[PDB]
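Student: Sharing a structure here in structure tokens format.
Every residue, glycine among them, receives a Cβ derived from its backbone with ideal geometry; neighbour counts consider all protein chains shown. Just so you know, all these numbers are worked out from the coordinates, no wet-lab data involved.
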Number of protein chains: 4
Amino acid sequence: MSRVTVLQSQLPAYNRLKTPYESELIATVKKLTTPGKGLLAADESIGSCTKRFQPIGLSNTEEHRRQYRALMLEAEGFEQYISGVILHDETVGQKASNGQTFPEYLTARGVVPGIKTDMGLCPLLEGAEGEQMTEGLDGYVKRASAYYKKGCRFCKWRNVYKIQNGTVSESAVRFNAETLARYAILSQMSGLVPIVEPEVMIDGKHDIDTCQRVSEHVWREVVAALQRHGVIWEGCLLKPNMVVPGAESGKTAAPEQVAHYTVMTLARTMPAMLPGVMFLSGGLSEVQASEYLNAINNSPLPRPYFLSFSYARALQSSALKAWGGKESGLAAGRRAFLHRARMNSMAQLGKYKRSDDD
Amino acid sequence: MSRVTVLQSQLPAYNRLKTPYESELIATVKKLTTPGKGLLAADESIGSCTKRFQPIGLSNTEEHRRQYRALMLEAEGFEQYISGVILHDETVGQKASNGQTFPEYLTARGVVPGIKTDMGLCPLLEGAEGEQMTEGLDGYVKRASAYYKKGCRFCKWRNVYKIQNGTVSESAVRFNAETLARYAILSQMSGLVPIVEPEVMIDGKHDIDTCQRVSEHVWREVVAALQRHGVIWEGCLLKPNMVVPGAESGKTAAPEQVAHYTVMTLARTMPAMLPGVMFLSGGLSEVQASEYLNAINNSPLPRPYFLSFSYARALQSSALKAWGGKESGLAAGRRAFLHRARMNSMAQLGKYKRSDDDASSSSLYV
Amino acid sequence: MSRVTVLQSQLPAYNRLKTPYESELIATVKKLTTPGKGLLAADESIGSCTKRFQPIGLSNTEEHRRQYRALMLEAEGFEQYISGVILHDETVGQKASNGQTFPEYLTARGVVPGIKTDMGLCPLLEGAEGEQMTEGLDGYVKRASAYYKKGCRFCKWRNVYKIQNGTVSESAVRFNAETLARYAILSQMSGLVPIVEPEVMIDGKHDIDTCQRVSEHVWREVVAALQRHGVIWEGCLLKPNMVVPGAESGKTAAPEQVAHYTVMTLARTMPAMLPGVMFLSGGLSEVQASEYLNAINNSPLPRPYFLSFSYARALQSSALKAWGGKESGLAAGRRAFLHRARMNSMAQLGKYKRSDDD
Amino acid sequence: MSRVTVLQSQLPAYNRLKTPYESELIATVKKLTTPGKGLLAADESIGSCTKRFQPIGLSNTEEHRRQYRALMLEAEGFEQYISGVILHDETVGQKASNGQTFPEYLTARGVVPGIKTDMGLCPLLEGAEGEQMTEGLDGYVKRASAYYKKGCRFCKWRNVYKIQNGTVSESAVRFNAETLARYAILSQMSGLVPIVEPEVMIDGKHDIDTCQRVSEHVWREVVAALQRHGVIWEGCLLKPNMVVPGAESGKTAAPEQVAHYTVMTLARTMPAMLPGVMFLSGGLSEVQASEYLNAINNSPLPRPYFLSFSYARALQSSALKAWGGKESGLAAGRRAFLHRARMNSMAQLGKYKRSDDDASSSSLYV
């Protein structure tokens, strides 16, 4: 009949992302999936800092925020457990004690610097009341390229799903997945390894089975969106929630159960090629965070991906307390921080022991 | 087996957008789809104004751009042909010669004020080279609420599709449709009637048949995304390209043909509920735009929606020359303008007579 | 730039069906949308026939079902209100008293012979209990071609949707839409104008608003699938349910309300090119069918498509009661039939007068 | 703010197939994924027996066909390699010398009996010329349950995709994916472990990269369709083609390139929960099928799934020539079969020695 001459890039099967940064994104992924190491999330918003600086009588100020990061980033020895640090936009431009910017300081000390690139949560305006979307795509490439030049080699974007009445709307399921996928593509085009975070929040009275179903449903659509946008699989990371019961369920779960549900859900949704899964703690206690990761790393279920951590609260709670926002507490805070970082390092190895936590 | 109580809004079938502005949106649509009337698109970018000031040798200054609009906005008796005006961000805050802002001015003249809310084209970064997406969704509701407060009651957002080698990438077909749909929802939530502009550009060597295929393909996906986002069909409008031969195809279609193809492609993709289709001139001459629109309004094919215009170039090029960017040219400028306005008003009614119009008209394709 | 020559048919934008039957299909559609006329649905299964021969004491036999169709068809002057007849596989091969096969008998009188091509409902085996799918796609072209050679020029296929708890499963919504879509394509490739019947059943306690929501949700997905499979819009017809309250809701809707909801739903989902909509009576009484249709043809809402009927019950009820299965009842049975046919004919024209049914 | 009580099963997140055979389907998967064991494919259509007996000159009859199967199904000591057999319809009814039907036989010999349940390729009638669909979904459960009663515990259905001009149409990518996904659900509900066969045919002059792209594209949709239909991943298998250059490509890929390209394309589209991948020969020589598998099983790339085989030709070819059809050739016949089966069992374990096979293996392509 008729035959036409078209651009190979106009054919569906040739939608894979093409970027001269590919080789580098994979080298970064390799650095981020180093046995016994995980990511330190230090990207808290100025508003979230307030919720940290308040219980220690620390005025939430620009200088005190730098000290809060410094407490951890300049805790010589944490590099052994932390392969990457997700930085807040403010911190990327702050200097360490030696005059080096934090990205320079971390790089020079063998730690990959990362950056939170989303612009915050907003009402979905579709679906159910309470559901939220995430802004940030407009002017993303310009923002990311600037972070790249400053030293960052990976980034993080977070979308949230809120389980209400044992389910979540399709509007939320579809839209937030498309947001995450587009975000990952623009990230790779900018030379930044994207950490895709589709967090099914722990808030609510639902049980672990409900979390499992919603987690699976939410995650599979995220993967489809990713396939749809031609993401380079070997160049990205997933930062999901573990599958556990809700904070108001009054019910708790055993390390092995969480491991079974979490590993099984990832396996049923994620492509074997996905390089790593750096869990978020969000809601779980410091100890549970390590107990669960440890169990996950002992799971008999299939899991080709590196299973580690991307914690904020779980690595900081005890540290901030001992620290107390005071220079005379840096020693204690860093001791507490290194201990938590070490416990999780061993959890990634599956060699964690509750005994080491008293 | 097991039962559970969920919010009705969590069920797929109950995804229609909920806004307190519904009534007002529908009323606006009704005003914007008045027989014999069309929309004037005067939302060009500062950068786009420079290209228009070239023929007349005018300096692209803020004040000159104000006069450029006032030239048309303050043209006595234009409301007989114009039901709404798409304003540029800047013009929204500028005053008319009587002191009130253009939105206040237009509103008093019974003309609905509109605003171009998209933030421009950017490389798609997926699909084929040359394809572009449109930014502007971030912080959208905020900007839209402010416009609503100033008087605007409708808006316009444009996505473009470039026919290359007789096709467009799926990455572009899906993504831009999705952007348009999300935009329609945020606009309606903000109280602004959204004019969705999915433009298959006239750029290329492609023929009317290829433009027909791509248009049907590009538009049906726009419709799919709108249904997924639960757009209020009764409260939105479409601003599509007419289906015609590529600017470099070397061919030119007859009104009857353009009418057939355009109306055929709309009917095959658009829900019969869609209130109206306000065509873009997109490069056609002033006369072509009126000829084609007239034929469209005389088509024996299915077309339940109000079919009119939303022209920029096809309504200004002549009035612009006559004007000459001088004060002395206003009378001449406004006569030309009001003439094309009258012509398109006639074409909308399908009672356009090529006699009462110019015997010649040069291409406007940039 | 890396180009490649491919078949135009391998490109997404070029998926519109290609069949030599086009013009004929459009001619048939033209016939089926003759103002003042509608379709007589006479394709009741053997099982459904038993349900009607019961209240008149007629043994459900081949010869008796033939007579059942003969009552309607051999009614002189019916071609005045009926443009097409949906036949049952059995009838296609049966003969009217003059020796002509029913298809030959219809054609001769200017009435298009139609055929029910689906193979019945079966459990969906996905989604919720009570949901059903429709079999019949395997070996479809062979079957359709055989019917074509027998005089049939159009066909019908029915998929159902059961509202339960004010909703229906996405499994049901997606699968049945895909089924109808494939059906339409195969039919047109065989020379038969497909009458797509996506029926949201009246059964249930739901109210008119629930029917409106589900109908719109169900219908738009049928549309979406028809586009994916590249149906020839100019050559197909829709046989939907009217939007009305559930049969067991204990509520009633005024003809004007039914017209408003029904016309509003079709408009929000059906593309403007759709040729016609021939409503099913299913559940509605003989008069309601007429009243509602009439109200619909007086709706001030957008409706570019021919809005008529495709009734079985609403056209045969009273006729059957008068026929009683007796040869001595043909006169009255037939009078009863033409009456109803005429009423709906006027309804199609929006000139129905209730007094004519008093 | 309105709330409604619905069946949990009407919510999108709860579409996972619910069946009482789950535990069993999984047990069957355990057996079909036994270390060092692959799958024998003796389900060639009757018409395919004539298209394989010609060279060896053997009359095609129910009895001789029974012997064709008897050859290997009765070959002593094949149960250390072949963990399952995909039988043809007819072969399910036939009996083994001992009197027991093949299914009954195999079960006794530990070998799991399976059945080809699809009903052949047909014109897709959508998309590009040459593309094909696969029939058999109508009345499927009825057929499956009959097979279950006779002892069958798994089944196979195969859809094909033709690379033409280096591509395939979405019409095909979408339709065959939905067919396969539906087939999987109906199989599991019928107690049969489904082996999904999304085969990208080796026909054509396309190079390896083009097969990599298409295969990744085709398999993407299969997985997507499977997620929509709610398949029990722990209870199914995939029988895909290897990513090799076209038959008329005028090339040949080394066992290293074939492994890389193949294991990479699987990891990029298959859920990490997929139990196993039983490859097909498609047209590769009896040795390549063993080399490639072996290499595939020596890939450093991620692959949590059991990577084995489900061969026919590359497992019968020789065992066929050295049989002719007489009971005399039951020596050389069963001599060859048990060899090829021994090689693949090695390859499965990644410890296959090419020095063990012949240096003259022609293509089994047709």
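Student: Of all residues in the range A:145-169 being over 21 Å from D:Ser2 (Cβ atoms) and over 17 Å from the mean Cα position of the chain (by Cα), which is surrounded by the most Cβ atoms within 10 Å (Cβ to Cβ)?
Tutor: A:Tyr147
Student: Follow-up. Does the range B:85-94 contain at least one residue that is within 14 Å of chain A (Cβ to nearest Cβ), among the hydroxyl-bearing types (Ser, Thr, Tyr) and buried (at least 16 other Cβ atoms within 10 Å of the Cβ)?
Tutor: No, because not a single residue in the range B:85-94 is within 14 Å of chain A (Cβ to nearest Cβ), among the hydroxyl-bearing types (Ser, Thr, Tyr) and buried (at least 16 other Cβ atoms within 10 Å of the Cβ).
Student: Right, something else. For the range A:278-296, does any single residue satisfy the condition of being within 14 Å of another protein chain (Cβ to nearest Cβ) and under 19 Å from A:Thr34 (Cβ atoms)?
Tutor: yes
Okay, residues lined up against (1) out of contact with any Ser or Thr (no Cβ under 8 Å at 6 or more places or on another chain); (2) in contact (Cβ under 8 Å) with a residue 24 or more places away in the chain:
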{"site": "A:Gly283", "(1), (2)": "yes, yes"}
{"site": "A:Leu307", "(1), (2)": "yes, yes"}
{"site": "A:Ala312", "(1), (2)": "no, yes"}
{"site": "A:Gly329", "(1), (2)": "yes, no"}
{"site": "A:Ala332", "(1), (2)": "yes, no"}
{"site": "A:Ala341", "(1), (2)": "yes, yes"}
{"site": "A:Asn344", "(1), (2)": "no, yes"}
{"site": "A:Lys353", "(1), (2)": "yes, no"}
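Student: Answer with yes or no whether D:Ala184 is of a type outside the set (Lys, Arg) and surrounded by fewer than 23 Cβ atoms within 10 Å (Cβ to Cβ).
Tutor: Taking the combined requirement at face value, the residue does not satisfy it.
Student: Just checking, how many residues over the range A:131-162 are in contact with a strand residue (DSSP E or B) (Cβ under 6 Å, 6 or more places away or on another chain), small (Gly, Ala, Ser) and within 13 Å of chain B (Cβ to nearest Cβ)?
Tutor: Result for the range A:131-162: 0.
Student: What number goes with the only condition from (1) over 18 Å from D:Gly114 (Cβ atoms); (2) more than 10 Å from every other protein chain (Cβ to nearest Cβ); (3) not in a helix (DSSP H, G or I) that D:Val196 does not pass?
Tutor: Unmet for D:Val196, out of (1) over 18 Å from D:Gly114 (Cβ atoms); (2) more than 10 Å from every other protein chain (Cβ to nearest Cβ); (3) not in a helix (DSSP H, G or I): (1).
Yes or no, residue by residue, for (1) among the aromatic types (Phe, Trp, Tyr); (2) closer than 30 Å to A:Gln164 by Cβ; (3) touching a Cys at 6+ places or on another chain (Cβ under 6 Å):
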| position | (1), (2), (3) |
| --- | --- |
| D:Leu17 | no, yes, no |
| D:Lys30 | no, no, no |
| D:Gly36 | no, no, no |
| D:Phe53 | yes, no, no |
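Student: Then there's this: Quick check: is even one residue across the range D:160-180 touching a residue at least 24 places away in the same chain (Cβ under 8 Å) and more than 30 Å from C:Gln8 (Cβ to Cβ)?
Tutor: no
Yes or no, residue by residue, for (1) within 14 Å of chain C (Cβ to nearest Cβ); (2) within 26 Å of C:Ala128 (Cβ to Cβ); (3) in contact with a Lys or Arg (Cβ under 7 Å, 6 or more places away or on another chain):
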site	(1), (2), (3)
B:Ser9	yes, yes, no
B:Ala13	yes, yes, yes
B:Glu24	no, no, no
B:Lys31	no, no, no
B:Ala42	no, no, yes
B:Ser45	no, no, no
B:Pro55	no, no, yes
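Student: Right, here's the next one. If you go through the range C:53-69, how many residues are surrounded by 11 or more Cβ atoms within 10 Å (Cβ to Cβ) and under 21 Å from C:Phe102 (Cα atoms)?
Tutor: Qualifying residue count, the range C:53-69: 9.
Student: Can you confirm whether the range D:316-324 contains a residue that is within 19 Å of the chain's Cα centre (by Cα) and within 14 Å of chain A (Cβ to nearest Cβ)?
Tutor: Among the residues of the range D:316-324, not one is within 19 Å of the chain's Cα centre (by Cα) and within 14 Å of chain A (Cβ to nearest Cβ), which makes the answer no.
Student: Among the listed residues C:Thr262, C:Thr269, which satisfies the condition of being polar (S, T, N, Q), within 14 Å of chain B (Cβ to nearest Cβ), under 23 Å from C:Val160 (Cα atoms) and free of Cβ contacts under 8 Å to residues at least 40 places away in the same chain?
Tutor: C:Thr262
Student: Out of all the residues in the range A:203-218, which are more than 10 Å from chain D (Cβ to nearest Cβ) and in contact with a helix residue (DSSP H, G or I) (Cβ under 7 Å, 6 or more places away or on another chain)?
Tutor: Selection gives A:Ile208 alone.
Student: Name the single residue that is nearest to A:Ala42 (Cα to Cα) among those in the range A:297-314 being among the small types (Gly, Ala, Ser) and away from every other protein chain (no Cβ under 14 Å).
Tutor: A:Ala312
Student: If you don't mind, another one. Just for the range B:115-131: of the residues that are within 15 Å of A:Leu137 (Cα to Cα) and touching a residue at least 40 places away in the same chain (Cβ under 8 Å), which one is nearest to the other protein chains (Cβ to nearest Cβ)?
Tutor: Within the range B:115-131, the match that is nearest to the other protein chains (Cβ to nearest Cβ) is B:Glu126.
Student: Whether any residue in the range C:173-184 is basic (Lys, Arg), more than 15 Å from the chain's Cα centre (by Cα) and under 21 Å from D:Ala172 (Cα atoms) is what I want to check.
Tutor: Yes: one or more hits.
Student: Go through C:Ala13, C:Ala27 for me and flag whichever is within 14 Å of chain B (Cβ to nearest Cβ) and free of Cβ contacts under 8 Å to residues at least 24 places away in the same chain.
Tutor: C:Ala13
Student: Also, quick follow-up: Looking only at the range B:135-175, filter to residues that are more than 12 Å from every other protein chain (Cβ to nearest Cβ) and crowded, with 23+ Cβ neighbours inside 10 Å; which one of those is nearest to C:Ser2 (Cα to Cα)?
Tutor: Restricting to residues being more than 12 Å from every other protein chain (Cβ to nearest Cβ) and crowded, with 23+ Cβ neighbours inside 10 Å, the top hit is B:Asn159.
Student: Name the single residue that is nearest to the other protein chains (Cβ to nearest Cβ) among those in the range C:30-49 being among the basic types (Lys, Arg) and in contact (Cβ under 8 Å) with a residue 60 or more places away in the chain.
Tutor: C:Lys31
Student: Moving on to the next point. For the structure I just gave you, tell me whether A:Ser249 is more than 14 Å from every other protein chain (Cβ to nearest Cβ) and over 22 Å from A:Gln348 (Cβ atoms).
Tutor: yes
Student: Still on this structure, I have one more. Only one residue in C:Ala177, C:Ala184, C:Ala172, C:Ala254 is at negative phi, more than 14 Å from chain B (Cβ to nearest Cβ), of a type in the set (A, V, I, L, M, F, W, C) and surrounded by 22 or more Cβ atoms within 10 Å (Cβ to Cβ), so which one is that?
Tutor: Every option except C:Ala184 fails the conditions.
Residue-wise test of (1) under 14 Å from B:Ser363 (Cα atoms); (2) basic (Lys, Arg); (3) surrounded by fewer than 23 Cβ atoms within 10 Å (Cβ to Cβ).
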position: B:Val277; (1), (2), (3): no, no, no
position: B:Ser285; (1), (2), (3): yes, no, yes
position: B:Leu301; (1), (2), (3): no, no, yes
position: B:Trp323; (1), (2), (3): no, no, no
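Student: Restricting to the range C:121-130, give me the number of residues that are touching a residue at least 40 places away in the same chain (Cβ under 8 Å), aliphatic (A, V, I, L, M) and facing another protein chain (nearest Cβ under 8 Å).
Tutor: So the answer is 1.
Student: Could you count how many residues in the range A:45-87 are under 17 Å from A:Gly333 (Cβ atoms) and touching a strand residue (DSSP E or B) at 6+ places or on another chain (Cβ under 9 Å)?
Tutor: 9
Residues checked against (1) hydrophobic (A, V, I, L, M, F, W, C); (2) under 27 Å from C:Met346 (Cα atoms); (3) within 18 Å of the chain's Cα centre (by Cα):
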| position | (1), (2), (3) |
| --- | --- |
| C:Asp43 | no, yes, yes |
| C:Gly47 | no, no, no |
| C:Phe53 | yes, no, no |
| C:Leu58 | yes, no, no |
| C:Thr61 | no, no, no |
| C:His64 | no, no, no |
| C:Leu73 | yes, yes, yes |
| C:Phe78 | yes, yes, no |
| C:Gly84 | no, yes, yes |
